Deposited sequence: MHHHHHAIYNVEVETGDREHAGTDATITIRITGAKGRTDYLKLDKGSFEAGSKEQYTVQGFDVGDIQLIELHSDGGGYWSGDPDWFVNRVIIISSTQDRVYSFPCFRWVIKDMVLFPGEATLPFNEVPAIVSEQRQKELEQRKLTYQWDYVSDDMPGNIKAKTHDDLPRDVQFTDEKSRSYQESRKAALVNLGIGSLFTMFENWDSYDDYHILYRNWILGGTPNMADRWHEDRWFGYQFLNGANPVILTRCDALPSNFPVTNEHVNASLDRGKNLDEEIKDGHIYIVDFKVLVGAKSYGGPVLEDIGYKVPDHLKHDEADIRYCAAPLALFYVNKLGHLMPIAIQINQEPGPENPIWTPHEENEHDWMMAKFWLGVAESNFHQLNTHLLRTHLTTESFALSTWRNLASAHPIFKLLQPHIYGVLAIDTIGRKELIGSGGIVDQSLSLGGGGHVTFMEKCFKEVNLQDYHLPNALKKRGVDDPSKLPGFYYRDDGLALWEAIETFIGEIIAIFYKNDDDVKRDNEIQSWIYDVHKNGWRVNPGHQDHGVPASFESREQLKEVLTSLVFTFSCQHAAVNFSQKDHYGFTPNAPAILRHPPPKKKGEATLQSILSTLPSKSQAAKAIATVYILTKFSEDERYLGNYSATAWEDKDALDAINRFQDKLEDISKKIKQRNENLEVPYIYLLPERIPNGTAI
């Protein structure tokens, strides 16, 4: 009683997926196991589907398989082998066994047939043993490390190439990244020569700086940045749509009166009435107090007491929804502590240059807050903790591992690269931000102390901010598109949960999902001295709770990151629209600003050029990117999971059509939350 096994192996299409190592396969079932059988005839190229017929002991019902690679011979260039799937038919069994993989094969790989399972679901003992062994190994490979006591946990890895191959960039992403860095150096050098002796004379001089870059079009604020309406617009639909809140009373330290702003109001009501009516909005950049900027200045409540010396601010700014539904800037106080030396500036300044300068100070605060808090910390660095916990704690056979895989990809890679090339001394931030030079890390630490997982729940966060009423605050497309996508992701995730978890007891009994959240709770977002609670539960008690955390996480990896990252070309491409460095301290009296003093405070030509270069690198989509819901490289087998995926993709298609229809009637289409433009993950 031998059996004949027909074995088909599908190698992934990605670069270097293939192998010339000698490959064998051991088959285990109810009756025993075969020896390692050779899969020897023909090549294993990328994208190949290769068939083998091997004979051995009849194992009966197949329960697991083991692939072994000899790691190549002397001439083998890249023996590591990326395997999509193995399909086996045994001559003795009236069944097709399907073993999804979608992971790199180094020397040994154990695979199980059929649908995903929770750890307590009934399977052969040998399957449970192998599952436990996988997780033991994961914990050795995937280890916690920390920038400081005040930063979320990251993966331990010296450089990108020290990362497990499963979490490195694909070669296509590495090429996209490395080529972007080369192109940026070339464009910077050519632009430097071209503008070398230019007398930087006017705001329009900065337009030259994006001209020799492939950005996907002229920044859409280039022609309108100087208009108060479009300045206001970007607090809803630009790169940092996260800080504006409804103002139900002026802060005590921001003493704006009806006299300051009455000339801007246009619905027939005074400031107090407009506040009650829900048409008054505010930003408060208080968190920036104490920030250390390059060259040494330290920000105080009052502001500040040839060298590269940079400045920031902690402003408050007031906005008004006018009768046409436009969000208009109506008052700015550049720093926190009000008085004659830190007054209230309005669009009605006697000296028009004073109002423009006030707007630039608001923009510098916004840029440093956006790049470091909204983007780097609150997408990349904080979600990285969850990516790491997924690898540490969820088995590859776990349905939530399968769900998260397409979404967690990239973040470990880019952050590992970034801990050198973006956050590191001399790096991207140091050249392009006021807070570069070291103050940027302290600032992220300060922000992290306040981070709560509830912040990542879009509907709750928009409601908390008072920005979710379209009748009071119209024209807010980040909200509208974000909420549509939140709902689609939440529906999908709930349907997936319902397939594998039949009730709350199933969640409670799932030791892997419990380990997963506890690892983040205890080791990931550590509540350390001086930290607020981080809102990370120590355990899961229900399917609804599991859904809310997964939805928050998936939405952040994909949608949130896209909205605050890929919006950067339009926001920052024309430097005066959004300066990230200022070179002189703020005014201590009114009447000082001239075009010339403004141009000397704004970023230099080369500072501006480096901001553009940075944006170019951080916004480059890889040629192998997969966008939201594209699950072509996922390990699902369950028919009901496949159906839930179908419904999700169809819903995303409907959302995409609705967004395009909405956009065809907009002066400035809002495109960053189209599903075809949202990567599954945070990869750049």
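No C-alpha positions are given in the record for the deposited-sequence stretches 1-4, 310-317.
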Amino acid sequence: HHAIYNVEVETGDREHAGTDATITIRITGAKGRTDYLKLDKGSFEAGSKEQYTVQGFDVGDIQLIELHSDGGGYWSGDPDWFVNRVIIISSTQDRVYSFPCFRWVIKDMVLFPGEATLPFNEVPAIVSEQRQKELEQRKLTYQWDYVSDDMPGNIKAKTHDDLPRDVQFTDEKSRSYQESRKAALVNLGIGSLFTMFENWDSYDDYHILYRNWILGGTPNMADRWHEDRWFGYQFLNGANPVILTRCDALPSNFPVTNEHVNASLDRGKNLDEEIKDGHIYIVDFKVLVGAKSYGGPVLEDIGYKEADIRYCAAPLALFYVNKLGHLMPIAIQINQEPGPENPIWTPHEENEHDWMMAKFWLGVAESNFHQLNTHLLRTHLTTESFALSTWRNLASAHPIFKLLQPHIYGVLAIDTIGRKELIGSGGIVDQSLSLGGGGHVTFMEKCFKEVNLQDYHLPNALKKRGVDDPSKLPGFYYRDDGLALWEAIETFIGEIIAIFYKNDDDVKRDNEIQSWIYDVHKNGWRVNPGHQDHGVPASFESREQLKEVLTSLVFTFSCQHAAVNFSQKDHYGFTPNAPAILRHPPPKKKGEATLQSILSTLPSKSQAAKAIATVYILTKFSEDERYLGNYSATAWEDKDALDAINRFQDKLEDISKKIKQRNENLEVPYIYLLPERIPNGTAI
From here on, numbers count along this sequence of modelled residues.
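The mean C-alpha temperature factor is higher for 6-14 when 670-678 and 6-14 are set side by side. Remark: stretch with higher mean C-alpha B factor among 369-377 and 287-295 is 287-295. The PDB entry assigns its highest CA temperature factor, among 329, 338, 153, 579, to 338. Comparing the C-alpha B-factors of 457, 588, 465, 402 in the entry, the top value falls on 588. Ranked against the other modelled residues of its chain, the C-alpha B-factor of residue 485 as given in the entry falls in the lowest third. Among the modelled residues of the chain, residue 161 sits in the highest third by CA temperature factor in this PDB entry. Sort the chain's modelled residues by C-alpha temperature factor and residue 352 lands in the highest third, per the entry. In this PDB entry, the Cα temperature factor of residue 623 sits in the top third of its chain's modelled residues, the highest group.
Split the chain's modelled residues into thirds by C-alpha temperature factor. Residue 141 is in the highest one.
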